[PDB]
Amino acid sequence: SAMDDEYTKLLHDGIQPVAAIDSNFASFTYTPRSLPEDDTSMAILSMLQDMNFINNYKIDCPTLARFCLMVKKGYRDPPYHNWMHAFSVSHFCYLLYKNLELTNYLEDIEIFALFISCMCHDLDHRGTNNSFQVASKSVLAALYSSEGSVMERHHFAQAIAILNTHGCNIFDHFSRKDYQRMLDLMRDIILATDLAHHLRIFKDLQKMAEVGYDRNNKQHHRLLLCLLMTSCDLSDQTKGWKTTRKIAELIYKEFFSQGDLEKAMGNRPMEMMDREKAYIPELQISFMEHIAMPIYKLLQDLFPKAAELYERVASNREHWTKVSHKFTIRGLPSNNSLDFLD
C-alpha cells in the first residue's frame, strides 16, 4: 500500500520546521507551487503546527496524518483543479495568518476552519463547472442541482466523507458545540468558493469595507471569511508573471477540454470554453479587472499590509496587455508554412 508507507513516515518521522521547507516560506513572494508535490503533505503538517492548531485543538497526530493524506488523495488530476491547487490555496491561507493579524478579526476556530476548508474546497473536482453538471445530467447534478453550487456542495460532502472515514476525523474529540460549529463553518466557506456566491455578496463586502470591520458583528465575520477564502482561491494571481502565465495555460486546458465535451453533446460552449473562439489575453485581462483585482482591492481596504497583493495583481494584468500582441501571427508561423490555412 502506497498510502500506508507514506502515512507511516508522515506520522513517525516528525514535522519539519516551516523554515526548513523554504527560508521564505512565510512570505507573500514565495510560490508554493515550487514545492515538490511529494513534500506537500509534510508542508501541510508544518503549517498546521506553526499556526498552533495542532496544540490548541489537541489534534491527534495519527488521525491528522491520515486526514491530510486522505485529502490529498481526494483530488483527481485535471490540469488545474488538482491537489497542487488545493495545496497552494492552503499555503496562501497560511500566508494571511502569518502576515495579516487575523486574530484581530476572527475567532480561533474560524481561522482553523478557513485553513481546513482551503485544503478541502475543490475535493474530487472533475475539471468541469457547475453548468456542465446539469447539462451532462451528472450524478452530482441529480443530488444538488435544486440547491445550486453543485460542485461546491460535492466538495463539502467529500470533506465530510473523509471526516466520517474511520481514523480520519480530526475533530472527533471536539465538544458537540465546537464540532457543529466547525462543520457549519466548512459548509459556509466551501460554498463561498462558488464565484456566483461571491458576485451575490460583493455589494455586502464593499459596504463592510466602507463602514469598517466590526469584530462584534457576526455577519462581518461571515463576510470576511468568504472574502479571505476567495483571496486564497485566486492567489496564483498575486505571484509573478510566470505563475499567472502557467496557471492561465492550466485553466484554459481544463476549460477547452470541457468545451470539447460540450460540442460533442451538441451544445455550444461559453466563448471562454471554446478553443475556436476563446481569445485568452482578453479573457484573462477581463477576469483580472472584473474579478481578481476587486477582491484584492477589498482585501487591501481591510488589511493595509495586503496592498502589495493588489499591486502585483494589477502588475500582472498590465503584463497581459503587453504580451497580447504575441497572439497575432506576424510574418510566417513557426515552420515557414501556410498549411494551417487549409
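Residue positions are given as counts along the sequence shown, with the first one as 1. Whichever C-alpha set is largest while still superposing within 1.5 Å between the two forms counts as the rigid core.
- Farther from the shown form on average, by C-alpha root mean square after a core fit in 9 other deposited structures of this protein, is 123-131, of the stretches 123-131 and 200-208.
- Averaged over structures and residues, the CA distance from the shown form in 9 other deposited structures of this protein after a core fit is larger for 150-158, of the two stretches 224-232 and 150-158.
- When 129-137 is weighed against 228-236, 129-137 comes out higher, by mean CA B-factor as recorded in the entry.
- Higher mean CA temperature factor, per the PDB entry, when comparing 30-38 with 62-70: 30-38.
- As recorded in the PDB entry, 265 shows the highest C-alpha B-factor of the residues 223, 192, 265, 160.
- Listed residues 123, 208, 250, 95 were ranked by CA B-factor as deposited; 208 comes out on top.
- Ranked by C-alpha B-factor against the other modelled residues of its chain, residue 307 falls in the highest third.
- For residue 188, the recorded CA temperature factor ranks within the lowest third of the chain's modelled residues.
- For residue 278, the recorded CA temperature factor ranks within the highest third of the chain's modelled residues.
- Remark: residue 260 belongs to the highest third of its chain, ranked by C-alpha B-factor as recorded.
- Ranked by Cα temperature factor within the chain, residue 46 sits in the lowest third according to the deposited record.
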